[PDB]
Structure formats: structure tokens, C-alpha cells
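Provided below as C-alpha cells are two forms of one protein chain, presented individually as structure 1 and structure 2.
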Structure 1
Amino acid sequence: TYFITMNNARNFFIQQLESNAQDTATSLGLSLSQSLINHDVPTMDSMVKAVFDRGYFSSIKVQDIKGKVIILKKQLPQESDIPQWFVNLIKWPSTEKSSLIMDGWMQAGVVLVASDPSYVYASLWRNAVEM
């Protein structure tokens, strides 16, 4: 039968999670531009909720130009059921992709999107084969 190394499976997820976190950060950054200009916190809160509730992200953060946090949606801490020694073998530095929020040519802040590796950890742990 055919296999792939754990490292190759890891590389696929790193690529796909970083691409997804970046894609949402960029597209959400475009959508947030007018509510951020207007300082409309409820609308910005509503947009992040719409994307966050529908997705699988660990966190979405909106900052202004000075780094002051305007919106922060975070996942509550999750239980596992997966030993740390195994996680240490496959973990990669925490993914957080950003994109600038623009008022024309002027930078107006930043949106930061972090992926949730818990699916990656569980899939590799349940089906890991030692040879």
C-alpha cells in the first residue's frame, strides 16, 4: 500500500491553513474599510462575527493604525485528548495572517486572521503510523 510521510501531510496543512487565513484576511480587510473609516464598531463587530461564526478560525482581530484593538473574536480554549509529545512532533509556529485596511492610499488599520490547527492535530494523531 501507499503512504505519505507525516512531514508531507504537515506541509500540505501549513500551506492550506496559511492560504486560507491570508485569503480571509485580505477579503475581510476590503469589506471592513468603510465601517473602520466611520468608526462604526457595531458594523465591524457584525462583519467579523459573520465571518468568524461561519468559519473555523482561532481568532480574528481588527486594529487601528496605532495597534489599539477594536474588534477581537477568539475561540474558547479546547480540550484534547492528544498528547503534547505528538503535537510537538508536528506543530508549526502559530499562523496569523494580516492585511492592511485602507482609506484609499492611507493606511487605516489592520485585520489579523489566525487558523485553528486542531483539525490538523486530530487528523494526523488518529491516523499516524509508526514505521
Structure 2
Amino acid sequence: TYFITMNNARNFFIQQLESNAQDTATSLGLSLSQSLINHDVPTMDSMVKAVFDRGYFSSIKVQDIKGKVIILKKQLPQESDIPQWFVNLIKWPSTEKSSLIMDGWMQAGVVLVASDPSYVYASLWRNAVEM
């Protein structure tokens, strides 16, 4: 039988969650351009909600140049039946990734996507085997 060490599986999720937040922010940066320029909040909300409803993100933030937050989706990590000792073994901090929302060559806004590491803890706990 073949296995993967917990340490290597953890390194995958650390890297995957970080790059997924960046890739998501970059694609939202292109997707939101026209709606941000024309101040179409409902269209911007649909694009963000489609991404945030995936469930992997702790926060998604859209703001114009000044820092004026236009859209803000947030969720907390919630209660867990995972033992705290195992949570302390695998946990790692969340990282926020950004991408500029452009209007041609001019800056128009920023979209920020933050990962939710606690989204993966339960799957690592249920699939863990000790040897």
C-alpha cells in the first residue's frame, strides 16, 4: 500500500490554498473591471458570490482606489469536532492575495481574496492514519 505523509499533504494544501486565492483574485480583477467602472454593484456581487459560495475563502473584498469597500463577503471558521491537539499539529495562518482592477492602463480598484485554512482541517483529520 502507498501513502503520503501528513507533512507532505499539509505542504500541498498550504501551497494550493495560497495560489488558489491568488488565481481567484487575478481572475476577479479582470472580471470586475467593466462593472466597477460603470458602478454596477449587483453584477459585481454576482461575480463575487459565485466565487465566495464555493466555501473555501474566509473573505473577499472589493474596493476602489481610496480603500472604499464596495463589496465585502466574510465567514468565520466555525466550531469543529476536531481535537485541539490535532488542530495545533496541522494549523497554519491565512494569507490574503490581491489583484488590481484595471481600466485599460489606469488603476480603478483592488480585489482581495483571503484563504480559509480551517476549511481543510476536518478532511485531514478524517483521513489521517498513524504509523
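Heads up, when I say rigid core I mean the largest set of C-alphas that superpose within 1.5 Å between the two forms. Only residues modelled in both forms are compared. Along the sequence of structure 1, residues get numbers from 1 upward.
### Query
Aligning on the rigid core, do we see the C-alpha of residue 72 shift 2 angstroms or more between the two structures?
No, residue 72 moves less than 2 Å.
### Message
Please state whether residue 89 has a C-alpha shift of 2 Å or more between the two structures, with the rigid core used for the fit.
### Response
Yes.
### Task
Indicate whether residue 14 shows a C-alpha shift of 2 Å or more between the two structures, with the rigid core used for the fit.
Shift at residue 14: 2 Å or more after core fit.
### Task
Having superposed the rigid core, state how many Å the Cα of residue 46 shifts between the two structures.
The alpha-carbon displacement, core-superposed, is 1.0 Å.
### Query
After superposing on the rigid core, how many Å does the CA of residue 24 move between the two structures?
Shift of residue 24 at C-alpha, rigid core superposed: 0.2 Å.
### Task
Just grab the Cα shift of residue 122 between the two structures for me, core aligned, in angstrom.
Rounded to one decimal, the shift is 4.0 Å.
### Query
Do any runs of 3 or more residues shift their CA by 2 Å or more between the two structures on a core fit, and if so, which ones, in sequence order?
Flagged stretches (3+ res, CA at least 2 Å): 1-14, 80-94, 119-131.
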